[PDB]
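This document opens with one chain alone, in structure tokens, the form solved without ligand WIH.
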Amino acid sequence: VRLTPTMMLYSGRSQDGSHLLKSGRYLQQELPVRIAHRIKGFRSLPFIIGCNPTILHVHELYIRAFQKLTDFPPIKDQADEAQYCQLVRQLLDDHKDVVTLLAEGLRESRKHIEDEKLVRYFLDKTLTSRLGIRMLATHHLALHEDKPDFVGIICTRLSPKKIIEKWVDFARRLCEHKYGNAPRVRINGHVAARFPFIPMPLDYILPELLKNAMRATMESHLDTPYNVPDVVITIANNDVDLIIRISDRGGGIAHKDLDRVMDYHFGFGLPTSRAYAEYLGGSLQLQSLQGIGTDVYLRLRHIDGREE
């Protein structure tokens, strides 16, 4: 029964399978409202932008999603709950390319972009609500599985080091295939911490931050790709939050670019990651040392409490 931005993830008495209906009935109430808020979002978009064929397509997806959800009858038994899970799965799949479609749509509407903020905000709101929905949906679905150390999508004993390492491997491979090598990554600080945490956010953010740190490093060592500065990550775990600092020695972010780094370039990783972090009660801050490198600070608040 953890919490987030009005979203609530349930953890309850299985056996009877009663917990699945209390969760499903909640998911059934919540999804329509969140889908509706996004539809309003598309309705308030500047006419010229909302007219773009692609944007107009994504808008129709939200409308059709709202219809299917509103058409489903109230969950009364485990029989309905099961079918409702099928609807939800169809939706997540139907909206798998929403973000790609938006980028394409907004890119084409770049010439008409008058207000710079009312686009950064539209993408923030769209990407986050989409994360909140995926977390709510995925959690309920996960309540049907029985993985060890997981109550839905909530890991009861997550290891920041473990998850960071997973993505380090992922990121290093993409890097080697692209440059012939990749920076090793050292991890210090609270390397042995373990606590209840929802990995999903970290599953998106970390690989975005790790690819950036590794790229900057390679792009600034074109003369010695076979010998580059390590990327150093530090884990700070306290009762209020989890802090992961990712430091690279890739030259830093030039003064002339310090602004456009956090904007979308249909570069989505950094702006999306900050949105995600802020949506969850955390933050994403950059410290640039021009000529040397960059320090990125990812802060995420702990699960409805304080643990280490």
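Only residues modelled in both forms are compared. Think of the rigid core as the biggest set of C-alphas that the two forms share within 1.5 Å after superposition. All residue numbers refer to positions in the sequence shown, first residue = 1.
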Q | Between neighbours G267 and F266, residues that the deposited sequence lists but the model omits | A | 10 or more
(Q) Averaging CA B factors per stretch from the PDB record, which one is higher: 241-249 or 30-38? (A) 30-38
Q.
I need to verify one thing: averaged over C-alpha atoms only, is the B-factor higher for 15-23 or for 290-298?
A. 15-23
Q. What's the residue among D203, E208, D230, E104 with the greatest CA temperature factor in the PDB record?
A. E104
Q.
Among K117, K161, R215, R186, where is the Cα B factor highest in this entry?
A. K117
Q) Which third of the chain does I63 land in by C-alpha B-factor: lowest, middle or highest? A) lowest
Q: Going by the recorded CA B-factors, say which third of the chain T100 sits in, lowest, middle or highest.
A: highest
Q) Among the chain's modelled residues, which third holds the C-alpha B-factor of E165? A) lowest
Q. By the record's CA B-factor, is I235 among the lowest, middle or highest third of residues in the chain?
A. lowest
(Q) Looking at the temperature factor on the CA atom of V191, which third of the chain's modelled residues does it land in? (A) lowest
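Beyond the structure shown, there is the form solved in complex with ligand WIH, which is absent from this document and is the topic of what follows.
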Q) Given that the partner is absent here, does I243 sit within 4.5 Å of ligand WIH in the entry with it bound, heavy atoms only? A) no
Q. Does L202 reach ligand WIH in the entry with it bound, with heavy atoms at most 4.5 Å apart?
A. no
Q. Hey, in the entry with it bound, is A82 touching ligand WIH, heavy atoms inside 4.5 Å?
A. no
Q) Counting only non-hydrogen atoms and a 4.5 angstroms cut-off, does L45 reach ligand WIH in the entry with it bound? A) yes
Q: Look at the stretches 72-80, 184-192, 157-165, 90-98 and give the one with heavy atoms within 4.5 Å of ligand WIH in the entry with it bound.
A: 90-98
Q. Just one of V232, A137, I235, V228 has a heavy atom within 4.5 angstroms of ligand WIH in the entry with it bound, so which one?
A. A137
Q: Go through 20-55 residue by residue and record those having a heavy atom within 4.5 Å of ligand WIH in the entry with it bound; state none if no residue qualifies.
A: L31, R34, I35, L45, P46, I49, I55
(Q) Using a rigid core superposition, assess whether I303 undergoes a CA shift of 2 Å or more between the shown form and the other one. (A) no
Q: Could you tell me whether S159 and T6 have their C-alpha atoms closer or farther apart in the entry with it bound than in the shown form, knowing the shift is 3 angstroms or more?
A: closer
Q: Indicate closer or farther: the Cα atoms of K40 and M7, in the entry with it bound, relative to the displayed form, with a change of 3 Å or more.
A: farther
Q | Residue ranges moving between the shown form and the other one (criterion: at least three consecutive CA positions shifted 2 angstroms or more, core aligned) | A | 1-13, 114-116, 304-308
